[PDB]
Amino acid sequence: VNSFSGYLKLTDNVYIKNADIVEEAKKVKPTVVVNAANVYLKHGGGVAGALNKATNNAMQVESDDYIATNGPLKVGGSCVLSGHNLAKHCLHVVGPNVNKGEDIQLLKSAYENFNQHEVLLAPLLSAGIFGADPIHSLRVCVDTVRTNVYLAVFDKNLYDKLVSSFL
Ligand SMILES: c1nc(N2CCCC3(CC3)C2)c2cc[nH]c2n1
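A. Geometry of the environment of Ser3. With respect to the element layout, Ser3 can be found in the segment before β1 (8-9). Residues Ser3 and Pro30, spaced 27 residues apart in sequence, show a C-alpha to C-alpha distance of 8.4 Å.

B. Expanded view of the layout of surface pockets. What the largest pocket holds in volume is close to 430 Å³. What lines the largest pocket is a set of 22 residues, and nearest its centre among them are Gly46, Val47, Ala127, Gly128 and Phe154. Every element with two or more residues in the lining of the largest pocket is listed here: α1 (21-28), α2 (46-54) and β7 (148-153).

C. The arrangement of the side chain of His92 in detail. Tracing the backbone shows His92 in strand β5 (residues 89-93). Within the structure, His92 has its side chain in polar contact with the side chain of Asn35 (distance 3.0 Å). Once residues within four sequence positions are removed from consideration, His92 is found in contact with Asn35, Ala37, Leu41, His43, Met59, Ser63, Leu73, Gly77, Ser78, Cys79 and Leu81.

D. Spotlight on the site of the ligand. Near the ligand the following residues occur: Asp20, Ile21, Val47, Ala127, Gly128, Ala152, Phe154 and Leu158. Between the ligand and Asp20 there is a distance of 2.9 Å, counted from a nitrogen atom to a side-chain nitrogen or oxygen. Contact distances for the ligand include 2.9 Å between a nitrogen atom and a backbone N or O atom of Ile21. Comparing atom positions with the cavity grids shows the ligand to sit within the largest pocket. Broken down by class, the residue content of the shell around the ligand amounts to 6 nonpolar, 1 polar and 1 charged.

E. Structural view of the pattern of salt bridges. In the structure shown here, the tally under the stated rule is 4 salt bridges. Of the charged contacts in the structure, one is a salt bridge between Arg139 and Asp143, with a shortest N-O distance of 2.9 Å. Here the residue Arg139 and the residue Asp143 both occupy positions in helix α5 (residues 134-144), the gap between them amounting to 4 residues, near one helical turn. When its relative accessible area of 28% is taken as the criterion, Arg139 is described as partly exposed. Taking relative accessible area as the criterion, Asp143 reaches 46% and is therefore assigned partly exposed. Note that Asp160 is salt-bridged to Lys156, the shortest N-O span being 2.7 Å. Here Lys156 and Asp160 lie together in helix α6 (residues 156-164), a separation of 4 residues that amounts to about one turn. On the basis of relative accessible area, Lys156 is assigned to the partly exposed category, the value being 45%.

F. Spatial organisation of the pairing of strand β4 (residues 78-82). Two elements, β4 and β5, share 5 bridges in a ladder whose sense is antiparallel. Note that in β5 the partner of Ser82 across the bridge is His89.

G. Main features of the environment of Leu162. Mapped onto the elements, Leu162 comes out in helix α6. Put simply, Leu162 and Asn113 are 49 residues apart on the chain and 22 Å apart in space, counted from C-alpha to C-alpha. Apart from the residues lying within four places of it in its own chain, the contact partners of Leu162 are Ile16, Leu124, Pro134, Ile135, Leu138 and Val153.

H. Seen up close, unusual backbone geometry. We note that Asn56 has phi near 60°; this positive angle belongs to a residue other than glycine. As for its placement among the helices and strands, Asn56 is situated in the loop between α2 and α3 (58-70). A relative accessible area of 70% means that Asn56 is categorised as exposed. Backbone geometry places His84, a non-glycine residue, at a positive phi of 55°. Topologically, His84 is positioned in the loop between β4 and β5.

Rules behind the numbers
- Position numbers follow the written sequence of each chain, starting from 1, instead of the entry's numbering, which may differ; residues with no coordinates are not represented.
- Side-chain descriptors were evaluated using all non-hydrogen atoms of the structure, hydrogens and water having been removed beforehand.
- Residues with missing side-chain atoms are left out of burial classes, side-chain pairs and their counts.
- In DSSP terms, a helix is any run of H or I states spanning at least four residues, a strand is any run of E spanning at least two, and both are numbered starting from the N terminus.
- With a 1 Å grid laid over protein atoms only, a set of points is called a cavity when a 1.4 Å probe fits there but cannot get out and a pocket when it is open yet has protein on both sides within 12 Å along at least five of seven lines; lining residues have an atom within 4 Å of a point.
- Grid points are joined across faces, edges and corners, and a volume is the space filled by probe spheres set on the points.
- Nitrogen and oxygen atoms within 3.5 Å of one another constitute a polar contact, given that in protein one can donate a hydrogen and the other can accept it, and given that sequence-neighbouring residues count only through two side-chain atoms.
- What makes two residues a contact is simply this: any of their non-hydrogen atoms within 4.5 Å.
- It suffices for a single heavy atom of a residue to lie within 4 Å of a molecule or strand for the residue to be listed as near it.
- Whether a molecule lies in a cavity or pocket depends on its atoms, and more than half of them have to be within 2 Å of the grid points.
- Following the grouping adopted for this structure description, the nonpolar residues are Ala, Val, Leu, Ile, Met, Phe, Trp, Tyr, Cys and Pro, the charged ones are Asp, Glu, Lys and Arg, and the polar ones are all others, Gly among them.
- In the sections that follow, a salt bridge refers to a side-chain nitrogen of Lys or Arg positioned within 4 Å of a carboxyl oxygen of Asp or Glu.
- Exposure classes here rest on a 1.4 Å probe applied to the protein chains alone. A residue is buried below 20% of its type maximum, exposed above 50%, and partly exposed in between.
- Any two strands with at least two DSSP bridges between them are considered paired.

Next comes the structure, spelled out in structure tokens:
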């Protein structure tokens, strides 16, 4: 049994809700919240900008030290950093950004990072400002992630389309 409330069950392991990932994080304090990161961990906008704002920029300060030591992530890759006031840990995952011309086949590699964590609160990778079709992102999620994932979708409108169209 876990804390997550109000989710629709899509499969054995994937759940979905109309929620902003941050408010949900603040309420649940999950072990892992996933960030929709870029390779530079520059949390300017989208989910990343919202998560970082909710940490009062502490996520960005920590991320800048990570990059100064380790250099950029790979597209499709991830790192585990603090969850600050939102979660125990933040899994920063880099989905391909279609608005930079990155290969959408890297979306499966991105979701494979979730399998290293038994339970996660996450957004749909590569959606919003990364330009991918969220219906496609949900399909790759369901077909890739085997651990228990609670997806938060940032719009009542879109949420309803993902559910209605789910096979
Ligand atoms: C969950 N998902 C979010 N995304 C923003 C737009 C598109 C998206 C697919 C649903 C991802 C955000 C943004 C801020 N807070 C969020 N929580």
